[PDB]
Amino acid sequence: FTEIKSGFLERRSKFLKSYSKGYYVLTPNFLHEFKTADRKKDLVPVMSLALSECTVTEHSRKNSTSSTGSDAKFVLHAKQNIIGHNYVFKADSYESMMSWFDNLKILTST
């Protein structure tokens, strides 16, 4: 819109060992977080992460094991000071995770 990908992801809290869910939109420039999927009424990102200073490092394998989504996670790494502290995201499936990861890898590659 122009968007590369959009959908729900859960993001892990380092300290709280829990996840929070948001609706994410990946553009050529940013990973934006929104509270909802209503693109007509929910238009202010709660957060926008600039891809220029991120990298995606690891991701689950289809066979990765242990509770939910053990095969559906990826790590987004910061290269500049949101502090490089890593964000762990969890998608709904391996296939969905790989779609996010494959796009992020090219957008953040060198």
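The numbering used is simple: start at 1 and walk along the sequence shown.
Participant: In this entry, is the chain continuous from residue 83 to residue 84, or are deposited residues missing in between (none, 1 to 3, 4 to 9, 10 or more)?
Facilitator: Per the record, 1 to 3 deposited residues are absent between residue 83 and residue 84.
Participant: Do any residues of the deposited sequence lie unmodelled between residue 66 and residue 67, and which range holds their number: none, 1 to 3, 4 to 9, or 10 or more?
Facilitator: The entry has 1 to 3 unmodelled residues between residue 66 and residue 67.
Participant: Quick one: say whether 71-79 or 27-35 has the higher mean Cα B-factor in the deposited entry.
Facilitator: It is 71-79.
Participant: Quick check on the record: does 13-21 or 95-103 carry the larger mean Cα temperature factor?
Facilitator: The deposited B-factors put 13-21 ahead on the C-alpha mean.
Participant: How does the C-alpha B factor of residue 60 compare with the rest of the chain: lowest, middle or highest third?
Facilitator: Bottom third by C-alpha B-factor.
Participant: Compare the C-alpha B factor of residue 44 with those of the other modelled residues in its chain, then answer lowest, middle or highest third.
Facilitator: Its C-alpha B-factor, which the entry lists for residue 44, ranks in the highest third among residues of this chain.
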